[PDB]
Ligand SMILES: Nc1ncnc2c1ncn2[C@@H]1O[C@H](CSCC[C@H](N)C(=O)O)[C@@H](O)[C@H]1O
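Read the single chain below, which is given as structure tokens and is the form solved without this ligand.
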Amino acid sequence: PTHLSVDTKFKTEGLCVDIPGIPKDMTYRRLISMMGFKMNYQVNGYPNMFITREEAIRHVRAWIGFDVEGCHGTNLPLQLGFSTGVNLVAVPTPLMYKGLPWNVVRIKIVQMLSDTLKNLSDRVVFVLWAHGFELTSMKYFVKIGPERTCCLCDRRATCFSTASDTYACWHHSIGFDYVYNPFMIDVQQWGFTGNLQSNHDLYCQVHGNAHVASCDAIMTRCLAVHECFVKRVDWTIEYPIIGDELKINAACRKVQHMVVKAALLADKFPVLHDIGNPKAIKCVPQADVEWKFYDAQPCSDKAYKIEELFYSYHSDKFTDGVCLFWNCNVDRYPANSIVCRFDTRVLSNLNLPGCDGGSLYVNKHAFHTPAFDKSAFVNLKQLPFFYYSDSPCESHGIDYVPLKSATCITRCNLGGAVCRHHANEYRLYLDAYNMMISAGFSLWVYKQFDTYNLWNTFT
């Protein structure tokens, strides 16, 4: 059951307004033929243009919502909309382009998909709410065949050029005019009652319906993300490394240890309440503090209400000592908190647009994160950058320029001059810090936090 069988049935009720008289009995095999494509009994890596819900989830980075609305179809101009916000008008002679023939439209399609996807995925998955015109328009910009490799590199081919008769990946397709071996999934096959807008609107208020094709394309991808990552969650699906995943995760571990260790030294809390990851390990193993864990899986729909996490009868007194919320998204943090909250607004190669203001953060696993809300942090302040170290000033073992910084909290800086070891360690920590912030993470701390209290931990 690796791929979707072409002999699987396709429900055609959603297609009968654009395609009147369409047979109720229909397979993927007959549908692909009707779309103007011939598979020719080919056992060459592309068994079906359509993929399963499971194959779509594994390739969520390739998702591009796609919708076609008739402006007037052979004789009528078509508005092609994409979840990138692009609308192209194809004549058969929220960006909006005037009517142009297919030979030029197809060039823009390849450019747009290559620019959006080259740093996300090795393919494209057209996410549909199929009504007919999107399927019958595919023959105008899509070519299919055996699985091929790029002419300039080892990646799989996603584009084709009729000018040079060659194939390219998303990185080497400039001047290419055809989308080659794309994938697609019709969301309507999943079993829904009512139209696209009524299902999308049940879960999302951030996307509206301006009655343009890109609005429907955006709503379609959003509904698919809601079904696959919000109501249904799967943390056993691994996703390939496409960027700074390892560095970001290593930086997050360094920053957490640094910030918690300093908070414990500066304010000497007798107890720490560690809320979140059921598999968490103490991030400051040598700390004196009474470490107490509370299990909460990552919330993928709405942020946790602090009243439900803490109340309904544990030290019971979460007001004692400090609360650590490391990527545990709550509606309103208590004043005695140390917090790391992912900022969904920072779109990235890792961070894909999500449902209802939220975002799909994909780093090893897929994590749909509720929309960032500045009001969650009203009892706290932004944590300032600082580097703290109690390790001995000793080199052991890249060159040197003397470091001068008021935020290098070390015995050597207290004593007047930062040693080479702490200067190297400071610069590496600052790099890790900037990496985490730029990846989208935001750090918040209790208002009384003051690094001035760390200088006296050198006595």
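Heads up: residue numbers just count along the shown sequence, starting at 1.
Not on display, but discussed next: the form solved in complex with this ligand.
Engineer: Open or blocked, can you tell me? Superimpose the site C-alphas, put this ligand where it sits in the deposited complex, and call it blocked only if 3 or more of its atoms are within 2.4 Å of a backbone or C-beta atom.
Structural biologist: Judged against this ligand in the deposited complex, the pocket is blocked.
Engineer: Look at the candidate spot formed by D186, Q189 and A224 and say whether this ligand comes within 4.5 Å of a heavy atom in all three of them in the deposited complex.
Structural biologist: So, no: the whole triplet misses this ligand.
Engineer: Under a 4.5 angstroms heavy atom criterion, identify the one residue in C328, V124, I109, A168 near this ligand in the deposited complex.
Structural biologist: Comparing distances to this ligand in the deposited complex, the residue within 4.5 Å is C328.
Engineer: Can you pick the one in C228, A376, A296, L383 that has a heavy atom within 4.5 Å of this ligand in the deposited complex?
Structural biologist: Checking each option against this ligand in the deposited complex, the one that comes within 4.5 Å is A296.
Engineer: Is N277 close enough to touch this ligand in the deposited complex, meaning at least one heavy atom pair within 4.5 Å?
Structural biologist: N277: yes, in contact with this ligand in the deposited complex.
Engineer: Using heavy atoms and a 4.5 Å limit, would one call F367 a contact residue for this ligand in the deposited complex?
Structural biologist: Judged by the heavy-atom cut-off of 4.5 Å, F367 is in contact with this ligand in the deposited complex.
Engineer: Taking this ligand as it sits in the deposited complex, is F310 near enough to touch it, meaning that at least one heavy atom pair lies within 4.5 angstroms?
Structural biologist: It does: once this ligand is placed as it appears in the deposited complex, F310 has a heavy atom within 4.5 Å of it.
Engineer: Contact between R332 and this ligand in the deposited complex at 4.5 Å, heavy atoms?
Structural biologist: Because no heavy atom of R332 falls inside 4.5 Å of this ligand in the deposited complex, the answer is no.
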